[PDB]
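Fold and geometry: a report
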Amino acid sequence: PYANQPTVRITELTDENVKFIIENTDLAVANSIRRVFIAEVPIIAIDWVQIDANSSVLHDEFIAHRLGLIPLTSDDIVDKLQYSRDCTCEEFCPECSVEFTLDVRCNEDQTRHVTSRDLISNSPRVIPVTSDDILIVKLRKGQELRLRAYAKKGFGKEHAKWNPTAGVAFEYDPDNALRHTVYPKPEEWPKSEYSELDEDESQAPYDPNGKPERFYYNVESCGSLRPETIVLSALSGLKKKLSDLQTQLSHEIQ
Amino acid sequence: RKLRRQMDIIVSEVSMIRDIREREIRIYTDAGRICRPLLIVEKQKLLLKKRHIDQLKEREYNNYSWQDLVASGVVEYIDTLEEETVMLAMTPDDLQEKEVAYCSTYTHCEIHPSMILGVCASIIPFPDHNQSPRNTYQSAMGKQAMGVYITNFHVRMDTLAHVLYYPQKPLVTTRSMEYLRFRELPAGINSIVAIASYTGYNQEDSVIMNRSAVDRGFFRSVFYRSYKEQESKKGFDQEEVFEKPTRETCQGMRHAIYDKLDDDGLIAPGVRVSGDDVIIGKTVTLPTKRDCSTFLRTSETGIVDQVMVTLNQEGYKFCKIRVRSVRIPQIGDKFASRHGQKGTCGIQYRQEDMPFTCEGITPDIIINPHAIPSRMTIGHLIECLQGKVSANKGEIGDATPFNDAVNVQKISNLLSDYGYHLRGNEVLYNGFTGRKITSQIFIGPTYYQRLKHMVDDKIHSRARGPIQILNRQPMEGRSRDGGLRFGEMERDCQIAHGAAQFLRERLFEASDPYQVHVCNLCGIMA
Amino acid sequence: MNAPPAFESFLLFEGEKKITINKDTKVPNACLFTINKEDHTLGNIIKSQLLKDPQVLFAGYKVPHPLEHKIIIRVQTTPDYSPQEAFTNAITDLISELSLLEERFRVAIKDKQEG
Amino acid sequence: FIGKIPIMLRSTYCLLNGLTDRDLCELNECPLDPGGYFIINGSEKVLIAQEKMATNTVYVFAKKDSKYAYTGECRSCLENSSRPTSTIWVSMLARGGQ
Amino acid sequence: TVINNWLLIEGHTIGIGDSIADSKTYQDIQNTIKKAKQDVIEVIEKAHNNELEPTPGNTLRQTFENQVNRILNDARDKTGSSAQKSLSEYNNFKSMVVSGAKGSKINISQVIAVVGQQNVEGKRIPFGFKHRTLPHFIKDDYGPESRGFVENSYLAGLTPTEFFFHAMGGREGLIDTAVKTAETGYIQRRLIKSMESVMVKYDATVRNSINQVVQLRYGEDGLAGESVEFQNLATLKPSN
Amino acid sequence: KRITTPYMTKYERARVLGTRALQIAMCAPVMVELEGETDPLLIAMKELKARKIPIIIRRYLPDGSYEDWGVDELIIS
Amino acid sequence: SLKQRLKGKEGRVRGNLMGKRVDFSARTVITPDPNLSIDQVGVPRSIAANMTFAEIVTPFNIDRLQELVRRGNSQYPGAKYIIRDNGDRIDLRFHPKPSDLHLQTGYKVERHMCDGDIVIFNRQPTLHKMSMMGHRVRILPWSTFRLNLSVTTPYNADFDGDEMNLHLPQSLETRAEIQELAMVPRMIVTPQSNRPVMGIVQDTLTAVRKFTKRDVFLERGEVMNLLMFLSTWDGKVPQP
Amino acid sequence: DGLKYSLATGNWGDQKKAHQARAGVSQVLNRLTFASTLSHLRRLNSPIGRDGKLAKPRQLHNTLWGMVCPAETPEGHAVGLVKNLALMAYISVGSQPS
Amino acid sequence: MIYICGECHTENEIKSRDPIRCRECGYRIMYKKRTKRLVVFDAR
Amino acid sequence: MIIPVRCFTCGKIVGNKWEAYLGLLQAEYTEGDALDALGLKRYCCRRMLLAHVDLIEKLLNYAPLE
Amino acid sequence: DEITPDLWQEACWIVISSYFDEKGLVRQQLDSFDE
RNA sequence: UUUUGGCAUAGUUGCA
Ligand SMILES: [Mg+2]
Ligand SMILES: [Zn+2]
Ligand SMILES: [Zn+2]
Ligand SMILES: [Zn+2]
Ligand SMILES: [Zn+2]
């Protein structure tokens, strides 16, 4: 009638992705954890682009949309930052945003590459993660792009710019022991990387008493957060959501 | 034929036809005749040799071109009249090789059969695996597809223009696309499409789309509309002048704002405008004065992109005002493959909600499985498989129609080498519950086209407003507004319903009510 | 045009209750919890944890419409145990589970980094 | 002077004839633009090729919207001059009507 | 709602593997096609030697056309049946056809085995050229591929001649759709405007605007078409 | 001397409910014990179930004659 | 000429009496929605805010219509006009005068179309009774008319770009008429061939074919999830 | 003006006799995508005429192999009357027979 | 009232009364200068 | 028009790899080898660099209106 | 000496590319107008 | 301080 005792085993940990395994857990908790990786980990991404001068070939909304998609280093600052909608200011103070300034004038004849290197932050902790650098726009001789933009805290549910994951691989039952999927010709299907069968079987023998468990994860970060930070913030956020729901439920019952 | 093939006294386009049975030799030289080049065949051998191919390989820095091929008497133009007197080989590799003889006297040989297709039909990958009505439908839809219609679109001011943010050349392409410049000006995006039944919004030839992909600019587009206007001087009857109408000096106006304009009566570029804002303040003199300023269309909205002013043919000042409007894909926007798989966006789901493979790939689009069987658009499935092979291999796949070097077996064997199921299926996980979907989903890259028919350009409603001047009924003008005709079909349909009150309400109360006074004795309206 | 704002899928507007309880009159000891501005994230996990309870005779959830943001969770229980008690116990179990998972994930990170 | 003839773009007499892609860019003209159309009052107009029956050729048909069993039409037209084409028919009267 | 939500657990698709038959099935289809072509050649040789005799009521061209048409029809449906037998239970084409949701057995045969004869105005492809359907054949060739019998399935892809004849076949479909739409409403409007005023009066008779008896009772029974239904008379067929 | 059917036709039900709902919308007296009913159509439906609608249907036979049926007289389907 | 004005398809008697443009009509693209009942139609918020229905002021709805008058056109749901007993018309997007916002019995408020309103829903060409049917308005936050999938086949509609029309009855008697005669649940059976005009369609039909197979087995949580979507469920889990 | 009007409106023949003039020869160029522009520039229009009523032209005829596209035509009341040239198809420009 | 010549890109102050022509190249197509208003986009 | 910033499907950063991709192609790499060197394993990411058409280079031929 | 069938697939498309390099897609309109 | 609007053509395109 109570919680499982989930066990973690990290198989790989690089600076761009983390691969791990969770045993002793139901399918719903693992799926919600993957869902929270994708759509509920807050990061800092550019929003509120104000363009002072844009004589480039790409129109203004194009440049703003490209700026929004640039990932920003938000490893340790995002937790103490506040949502701008909740802050008490003109919506941009240092406690709820990070200012960015771009001012590029192409004077030489050669094609000028406006990259993420040209984004100057007012806070050193928050920079573009590439600082090759992400190309924003190419400028001709005589063209200019000059703007100031901010970066607010948000999560992937609101807009995909705030999604920190570059693809979250999730798997369970690599040998199809539970037969949650029914191969018409199981011999034709390649073995998963976590499969434990020999090269004469195609599926594990069917287990009627089986239950989903030993969920394999591979969380690849776009760069704005370290992958371990993504997972820790994900679990913290889901716990926070459940605690807030418990608070509201208690208030409703009383 | 010797003289024509040598470019002697007879020019190439002259066509000679011998009716042997009727003993006639008709030579035609006039214009209007259609012809095409065919390789000449002599004694079951092409006159084309490896030397000509070597010379054509160095087409640059040799000055050997097609005209020298015609001058060498290897290829000649044949018209449809002369085709009746021509025995033509489909391909030289087999049709003229020695075997159990079908015909030992071939006069010509096709260059490639795929050239029978036109322009819009030649961008179809694997059209010979489709049903021909869907080839026709795609030939229509490629005309309707979004894309970068021209490289100098920035200076041009066309009345309507649509430009896709991130167009891509197809991963699965035809050879003939190299000569249409489709590789330079593509119209569409390669989309990871999964052909699967799901929550139910893809049903009945509709499409589920990945909301996060759209947030990343997937099929995001821009729509340019240009409004032109000229001030004129017609004797002294009146005179139009570009200037912002002030609220005191002109007795005729609308409730829309007039402060967006500058002192010259024109709106500056880089200013948002709603569907009623004024962009060209033009005042016509009253024999005070009146306004005839132009506003945006009622449903439209956007930012003034560009503003050009110049003198027309007579020398009057006139301006053209390009208005940018960024269109994001939404529910109702049309999409189509290169196989006539027309469909609207049923609903948009975030990435977590979409189903996903074992390696975290969510499809950009989901289409209904039932769009295939009555269609028999097997070329769509072969395109998906070939595109998966192309993306894994890192090489643009080939989908020339009548090519025997490529078939589904070879594509499947190539795909199996990359650790995928040979038929393109994959084990997809339900994005909501995380459970494995029982059946394995057919998923892969496929080239999709956004058609110009967005929902916002075709949504309109009316309560009441600009009636006619004669019929005193609603009419169309300034927008799509003006009601919908309750035609004879709807009239008889409601008669079948027996809904006399609703029929009367539609036809009398809520279209054009009126009342007249008529004498009781006579019958004429008094 | 008619596109809803992106923020109104997780934000409660003024005078909107996060969670509302209504007794189901069709069956004794059954309740319906309508939670606004939530999705399958909480629905599926709460449903699974409720199914782990032995005293819960029924536990299910549904989103009434994907374009809308509500989850209706129906919970029926044995006569000696209320649905509200089961719901609270399930949420506390999930919170304990995720806290333990956080601690063990931190320990695993420290071992992998040291290793 | 007798008038002004519209000029099909990228023809032998359009100013974009035989210009390299660079010069087309300097004139803000797309090098991939195929041409083949006129500009009339700023509007790009294209002439659709009109299909019609070939001239000076004998064509024998069997009408039965008339009293003739057969009919040999010949839309004879002059060469390069006198655009009005004279259509002669030589018909055979149907033997059924008697 | 219930079935759409269960389908998220089940799921349903359609792919290349659903259009693939085993090698034995392809060999059987090819053998059937070879036999059909051989017996068409025998019929042609009988016709050329004046050995074919016309059936009563049909000229010799009609007799030959009927013979070859029935030959290719039985070959086509035999190939389609053999392909249908090759279908597995997990085959999604079969799943969508047996449910009646979409498609037909003819669609499966055309996708897998043989697209079949292409017809223009209810006949084989006519000799547009001088006694030829295309410039790639010899004159006076009444073979299957010559007159527009496409033998490759949509999976296998059509040859150039086969593709062009298939486009010819689909052009009639498009044109007849166009003329159907041209005749949409015209017959219907004429009918209603003849009949719009006819109504069941409160004495249960059926009368027009001018109040003339059309039927003494509606449908000769006075019953609406809503609540009537098929039944079987139990005393008509049994013997005494 | 009534020859017409004793059953309310669907068209009779439609027009009776429409007119009575309109009358209730114009503050007409209500002939059924309502409880928190605000929509006039629902109140009219409650009246029809109670057979309390004070309306008489004049059915015209196709000879100029007519029959006046009370709503209570007819059989509600 | 005068004779030309009356003859033809676009004459006064055939272009402006048998058919004519009508006020209170909207049109847009259709899209599927399995989560709506067959008698429900999704409506964009903009169309609902543009369209209006005249609600007569009574002592029961005086407070509600007063609140809607307070909202005005700028906020949805609201109202456009107040038609007083004298017939004079007060517009609400321009008049902040609180004296003009007083309501009393007999006044009519042209309130914005809201949820539960009855609307005739039509698809041209109109070929039978079921090509125009009554639906209940459901406000959903996008720019298309969402429909149930079962109502596609009476309309002969598919979501390939097809547009559909929506007429709003403006009067209580007409609303009751559409309720009692033209609602799509009443239109399930056609009198054309005394059968249902609508059945189960593509995905749900294939899925219910697969679902009712003998070997479909569902564990405890799966059936509990499915029974949530069963509206008519009595709340008793059947014996497995 | 005489060319200009005829190219501006697409009515061909005498301007004052436009009642019996052939219409739709000149069309505004369709600039929506590059493929549409190329398809419009390579377009053939077959008028109805007296001749089209005698034999049905909408159907895809055998001689259209290699000259026009086998599968490209607008739907509705234009199927088979509006065609597009094949890729390698080239129309004779005319020459003197002397 | 500043315009930019289409050919030579010269800023010209042109009144609403006089004809429009480039004051150093004679070119007859003029584009308005970008607005000095405050312009903002959300980066979505 | 220009290389997208993110991968449309998975969201991986791709905008910082177009110039490197072209540079590898100038080093006589097969396109599969170039994409493997850039570290794009999922075919969703590979599709974008493999199919991208860079029209901004062509748009920069035209002089700016300043 | 002669084009082998294995190399014919390259040869024919070389010929077609040479054709479209020489002629282009709109020779019809331009040649008619020049004539 | 409460407006509004060109008619008739021709072409193209969407759905049935
Ligand atoms: Mg449709
Ligand atoms: Zn702040
Ligand atoms: Zn009188
Ligand atoms: Zn200048
Ligand atoms: Zn990717």
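Residues numbered from 1 in each chain as written, not as in the entry; some residues may be left out. Chains lettered and ligands numbered in written order. Part of a larger assembly, values for the part shown. Heavy atoms only, no water.

As recorded in the PDB header, cryo-EM is the method behind this entry, and the stated resolution is 2.7 Å.

Details of the overall build of chain E
How we decide: Runs of E in the DSSP output that reach at least two residues are strands. Runs of H or I that reach at least four are helices, and both are numbered from the N terminus. As defined in this context, the radius of gyration uses C-alpha atoms, and a globule is described by 2.2 Å times the residue total to the power 0.38. We call a residue buried when its accessible area falls under 20% of the maximum for its residue type, exposed when it is over 50%, and partly exposed in between, using a 1.4 Å probe and counting protein chains only. Per-residue and other accessible areas follow the Shrake-Rupley method at a 1.4 Å probe size, with only the shown protein chains counted as cover for residues. The positive count covers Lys and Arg only, the negative count covers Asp and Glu only, and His and the chain ends enter neither. By convention, the point assigned to a charge is CZ for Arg, NZ for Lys, CD for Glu and CG for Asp.
Of regular secondary structure, chain E possesses 7 helices and 6 strands. Secondary structure elements of chain E, listed N to C terminal, follow the sequence α-β-α-α-α-α-β-β-α-α-β-β-β. Against the globule reference of 18 Å for 240 residues, chain E gives a C-alpha radius of gyration of 27 Å, more extended than a compact globule. Here the C-alpha coordinates of chain E stretch approximately 75 × 60 × 55 Å along the principal axes. For chain E, with 240 residues in total, the buried portion stands at 44%. Only carbon and sulfur atoms are counted for the fraction: they give 52% of the accessible area of chain E, which is about 13000 Å². Computing the positive centroid from 28 side-chain charges and the negative centroid from 28, chain E places the two 4 Å apart.

Re the arrangement of the chains
Formally: Only heavy atoms matter for contacts: two residues are in contact if any of them lie within 4.5 Å across the pair.
With 24 pairs of chains in contact, the largest contact count belongs to chains B and G. The closest approach of any C-alpha atom in chain G to one in chain H is 15 Å; the two make no contact. Between chain G and chain J there is no contact, and the shortest C-alpha to C-alpha separation is 23 Å.

Some thoughts on the pattern of salt bridges
Oppositely charged side chains can form a pair if their charged atoms are brought close together. Applied cut-off: A pairing counts as a salt bridge when a side-chain nitrogen of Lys or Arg comes within 4 Å of a carboxyl oxygen of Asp or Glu.
A complete count under the given rule lists 112 salt bridges over all chains for this structure. Here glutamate 220 of chain A makes a salt bridge to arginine 42 of chain J, at a shortest N to O gap of 2.7 Å. With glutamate 220 of chain A in strand 10 (residues 215-221) and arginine 42 of chain J in the loop between helix 2 (31-37) and helix 3 (43-51), this pair bridges two chains. Among the residues examined, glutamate 220 of chain A registers a relative accessible area of 13% and is labelled buried. Residues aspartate 264 of chain B and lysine 32 of chain I are paired through a salt bridge, measuring 3.9 Å at the closest nitrogen-oxygen approach. In this pair, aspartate 264 of chain B sits in the loop between strand 14 (238-242) and strand 15 (272-273) while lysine 32 of chain I sits in strand 3 (residues 29-32), so the two residues belong to two different chains.

Remarks on the sheet that holds strand 13 (residues 233-234) of chain B
All names here are of chain B. Using the following cut-off: Being paired, for any two strands, means DSSP has found at least two bridges between them.
Spatially, 13-14-17-18 is the arrangement adopted by the 4 strands of the open sheet, whose pairing is antiparallel. In this open sheet, the two edge strands, each paired with only one partner strand, are strand 13 and strand 18 (289-291). Of the strand pairs in this sheet, strand 17 (residues 282-285) and strand 18 are connected by 3 bridges, and their pairing is antiparallel. Looking at the pairing, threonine 285 lines up with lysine 289 of strand 18.

Quick notes on the interface of chain K and chain B
Spelled out, the test is: We define buried area as the total accessible area lost by two parts upon association, computed with a 1.4 Å probe and summed across both. In the scheme used here, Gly and all other residues not listed as nonpolar or charged are polar, with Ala, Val, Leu, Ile, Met, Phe, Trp, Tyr, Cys and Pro taken as nonpolar and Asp, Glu, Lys and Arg as charged.
Contacts between chain K and chain B engage 22 residues on the former and 29 residues on the latter. Summed over both sides, the interface between chain K and chain B buries roughly 2600 Å², with carbon and sulfur atoms accounting for 69% of that surface. By the criterion of area lost to chain B, the three top residues of chain K are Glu2, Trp8 and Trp13 of chain K, representing 28% of everything that side buries. The tally of links between chain K and chain B comes to 3 salt bridges. Across the pair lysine 49 of chain B and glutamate 2 of chain K runs a salt bridge, and its minimum N-O distance is 3.3 Å. Classifying every residue of the side of chain K that touches chain B by side-chain character gives 13 nonpolar, 3 polar and 6 charged.

Side note on unusual backbone geometry
A cis amide bond links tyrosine 76 of chain G with the next residue in sequence, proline 77 of chain G, at an omega value of -10 degrees. Inspection of the secondary structure assignment puts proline 77 of chain G in the loop between helix 4 (62-71) and strand 5 (79-83). Residue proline 125 of chain G is bonded to the preceding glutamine 124 of chain G through a cis peptide linkage, with omega at 0 degrees. As for its position among the elements, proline 125 of chain G is in the loop between strand 8 (118-122) and strand 9 (132-139). In this model, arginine 472 of chain B sits at a positive phi of 60 degrees, which is unusual for a non-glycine residue. Relative to the helices and strands, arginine 472 of chain B is located in the loop between strand 28 (460-462) and strand 29 (484-485).

Structural notes on the protein's contact with RNA strand L
We apply this condition: Proximity is defined per residue: any heavy atom of the residue falling within 4 Å of a molecule or strand makes that residue near it. Polar contact criterion, stated in full: a pair of N or O atoms within 3.5 Å, where within protein one must be able to donate a hydrogen and the other to accept it, and residues adjacent in sequence count only if both atoms are side-chain atoms.
By nearness alone, 23 residues border RNA strand L, and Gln144, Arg290 and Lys342 of chain B together with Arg123 and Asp160 of chain G come closest of all. Residue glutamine 144 of chain B places a side-chain N or O atom 2.5 Å away from a phosphate oxygen belonging to RNA strand L. Taking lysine 334 of chain B, its side chain carries an N or O atom lying 3.0 Å from a sugar or linking oxygen of RNA strand L.

A look at a negative patch on the surface
Here is the rule: Note on patches: the residues involved have over 30% relative accessible area and no salt bridge, like charges join within 9 Å, and the nonpolar side chains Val, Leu, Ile, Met, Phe, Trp and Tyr join within 5 Å.
On the surface, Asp94, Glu97, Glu99 and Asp404 of chain B cluster together into a negatively charged patch. Counting through the fold element by element, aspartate 94 of chain B comes out in the loop between strand 6 (88-89) and strand 7 (108-109).

Observations concerning the coordination of the zinc ion (ligand 2)
Residues and elements named next belong to chain A. What counts is decided by this rule: A donor here means an N, O or S atom no more than 2.8 Å from the metal, or no more than 3.2 Å when the metal is Na, K or Ca. Since water is not included, a site may seem to lack partners. Metal sites are grouped by the angles between bound donors: all angles between 85 and 135 degrees with four donors is tetrahedral, opposite donors over 155 degrees apart with the others between 65 and 115 is square planar for four donors and octahedral for six, and any other pattern is irregular.
Within the protein, the atoms that donate to the zinc ion (ligand 2) are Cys87 (SG), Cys89 (SG), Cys93 (SG) and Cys96 (SG), at distances of 2.3 Å. Considering all 4 donor atoms around the zinc ion (ligand 2), angles at the metal cover 101 to 117 degrees and the coordination shape is tetrahedral. Binding-site remark: the zinc ion (ligand 2) is held by donors from one chain whose sequence spacing is C-x1-C-x3-C-x2-C. Owing to a relative accessible area of 16%, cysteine 93 belongs among the buried residues under this scheme.

Regarding helix 8 (residues 378-393) of chain B
Residues and elements named next belong to chain B. To keep it simple, the criterion reads: By this rule the span expected of a helix is its residue count minus one, scaled by 1.5 Å.
Here helix 8 is 16 residues long and its end C-alpha atoms lie 22 Å apart, about the 22 Å a rise of 1.5 Å per residue gives. Counting buried positions over the 16 residues of helix 8 gives 15, a clear majority of the element. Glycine 394 sits one or two residues past helix 8 and shows a positive phi near 70 degrees.

Considerations on the nonpolar core
So the rule is basically this: Nine residue types can take part in a nonpolar core, namely buried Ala, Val, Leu, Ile, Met, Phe, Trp, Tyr and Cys, and a core is a set of them joined through side-chain atoms within 4.5 Å.
Residues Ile46 of chain A together with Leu48 and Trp66 of chain B are the most contacted members of the largest nonpolar core, which totals 243 residues. With 9 residues, the top contributor of residues to this core is helix 1 (residues 5-22) of chain K. When residues no more than four places from it in sequence are discounted, the contact partners of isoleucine 46 of chain A are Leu67, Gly68, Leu72, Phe100, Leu119, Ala149, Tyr150, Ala151 and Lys161 of chain A together with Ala43 of chain I. Core analysis: the next-biggest nonpolar cluster, separate from the first, contains 73 residues, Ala30, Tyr172 and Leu242 of chain A together with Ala86 of chain C among them.

Quick look at the coordination of the zinc ion (ligand 4)
Residue and element names in this part refer to chain I. Within the protein, the zinc ion (ligand 4) binds to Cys5 (SG), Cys8 (SG), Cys22 (SG) and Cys25 (SG); these donor distances fall in the range 2.2 to 2.3 Å. Geometry at the zinc ion (ligand 4) is irregular, judged from its 4 donor atoms and the angles of 72 to 134 degrees they form at the metal. In primary-sequence terms, the residues that donate to the zinc ion (ligand 4) follow C-x2-C-x13-C-x2-C. Linking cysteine 8 in the loop between strand 1 (2-5) and strand 2 (11-13) with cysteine 25 in the loop between strand 2 and strand 3, this pair joins segments that are 17 residues apart in sequence. Residue classification places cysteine 8 among the partly exposed residues on the basis of a relative accessible area of 24%. Residue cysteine 25 is classed as partly exposed on the basis of its relative accessible area of 32%.

Some points on the side chain of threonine 204 of chain G
Examined against the element boundaries, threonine 204 of chain G turns out to sit in helix 7 (residues 202-211). Assessed through its relative accessible area of 16%, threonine 204 of chain G is described here as buried. Setting aside anything within four residues of it in sequence, one finds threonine 204 of chain G in contact with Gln203 of chain B together with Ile3 and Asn4 of chain E.

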